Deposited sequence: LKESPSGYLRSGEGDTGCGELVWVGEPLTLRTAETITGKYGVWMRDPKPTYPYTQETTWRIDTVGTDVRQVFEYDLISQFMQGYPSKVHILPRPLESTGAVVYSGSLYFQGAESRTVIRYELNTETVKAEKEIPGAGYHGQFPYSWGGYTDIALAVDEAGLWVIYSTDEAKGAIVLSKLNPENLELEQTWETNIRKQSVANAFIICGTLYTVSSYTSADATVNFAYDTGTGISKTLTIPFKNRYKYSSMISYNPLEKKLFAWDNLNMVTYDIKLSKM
């Protein structure tokens, strides 16, 4: 079921916008339900994968800072533009259920990934729940990650890791372990680091990770599908994975 990452597959290309799926589908939504963020204030909802024309359009109370948002358990979790605020938007009721300032988090170009953009703060979902990836001046730009309560966005647990956020191209979480992607000159990137939140143990890795562009892609692990989804500003792609 879970384990340490050992292999990543070749990226496979899947309207043109960022697509999101819920890894914990909640009635009235199902696994067929998909949401599109137009690229960034309307969320298009598609009940079926066939219509995927929209069955509904949501107007968010605030624009997104970046595409590093997630749908989880029936809510859209996103960062408000020009803020360090994470917002929980319940999609079926169109209600803002929670708002949270990520304490000390840099935003809007303070702690981006190596290739830039407004990638200071990213949300993620794994087998254990909802996470936020960021950094702070206190942490001196090292990656900080916090487990979020999905109901009220309290920070149930926080870890300060030993990797510099601006030195890596991207990051994702699988089975409670933070993985980063290298920012080398060539497309022959690697998963170069792992921090296991279950033990506090980190290590340097060399797993090949094929990356098409020097761009701060939106990467979103989907624990229900056991695959990585990524948006590179052109296409949605998926990476298969193998765990030990």
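Gaps in the coordinates relative to the deposited sequence fall at 1 to 16, 31 to 38, 64 to 67, 81 to 83, 276 to 277.
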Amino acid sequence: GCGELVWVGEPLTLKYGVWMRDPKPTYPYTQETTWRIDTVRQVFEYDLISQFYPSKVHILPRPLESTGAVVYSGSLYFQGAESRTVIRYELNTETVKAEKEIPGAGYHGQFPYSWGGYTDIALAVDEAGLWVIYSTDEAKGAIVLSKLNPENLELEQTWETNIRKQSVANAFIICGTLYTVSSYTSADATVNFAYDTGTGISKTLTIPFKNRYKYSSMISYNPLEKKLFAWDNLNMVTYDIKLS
From here on, numbers count along this sequence of modelled residues.
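Averaged over Cα atoms, the B-factor as recorded in the entry is higher for 55 to 63 than for the other of 55 to 63 and 27 to 35. For the pair 185 to 193 and 171 to 179, the record assigns the higher mean C-alpha temperature factor to 185 to 193. Residue set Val43, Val70, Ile219, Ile207: peak C-alpha B-factor at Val43 (per PDB entry). Going by the entry's values, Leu14 shows the largest Cα B-factor out of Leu234, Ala230, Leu224, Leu14.
Among all modelled residues in this chain, the alpha-carbon of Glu138 has a temperature factor (C-alpha) in the highest third. Split the chain's modelled residues into thirds by C-alpha temperature factor. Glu99 is in the middle one. Ranked within its chain, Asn92 lands in the highest third, by CA B factor from the PDB record. Remark: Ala128 belongs to the highest third of its chain, ranked by C-alpha B-factor as recorded. Sorting the modelled residues of the chain by their CA temperature factor places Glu151 in the middle third.
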